[PDB]
């Protein structure tokens, strides 16, 4: 399967439906009114490094002052890649907003500091490959029992609030994923 056919699940956090330049449909946020807080504060800002037709993905977010997450049903075994999209639309110094990302309890991004990596009002993506086979989840060399659902968590620490802007899961391997341009 090619790119749009290979996407099994995708969300525009804090926002409405949007189809990007690759043909990927980011669905309206299923956690609206349910957990966390939506914000459209970034809609006043141009977002560097992303395509301008798609900057609405990075201008809307879901955030919270406590740990929160999304649950994802996965129907079939296979190889998959999770892509997480972020932007820092408020701070402009390091160690102001910092948080962990976990997958079924496994820490998969430690101490994410969006400003430190890319600057202010600029796109940043994390790309995480995984496998689901023989009743097991495998990610970053760690293995545990898979029950049918994936839990993606954004963890509250001491430095401001965890957040996410958009996310998708595709069948395949890392060479299949479109990459942001080098200029960060």
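Positions refer to the first chain, counted from 1.
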Residue stretch of maximal mean CA temperature factor, 42-50 vs 123-131 = 42-50
Greater mean Cα temperature factor according to the PDB record, 168-176 or 12-20 = 168-176
Based on the PDB record, which member of 62, 27, 117, 149 exhibits the highest Cα temperature factor?
-> 149
Whose C-alpha has the highest temperature factor in the PDB entry: 155, 57, 139, 35?
-> 35
Check where residue 97 lands among this chain's C-alpha B-factors and tell me if it's the lowest, middle or highest third.
-> lowest
For residue 77, does the deposited CA B-factor place it in the lowest, middle or highest third of the chain?
-> middle
Can you work out whether the C-alpha temperature factor of residue 87 puts it in the lowest, middle or highest third of the chain?
-> lowest
Hey, what third does residue 112 fall into on Cα B-factor, ranked over its chain?
-> lowest
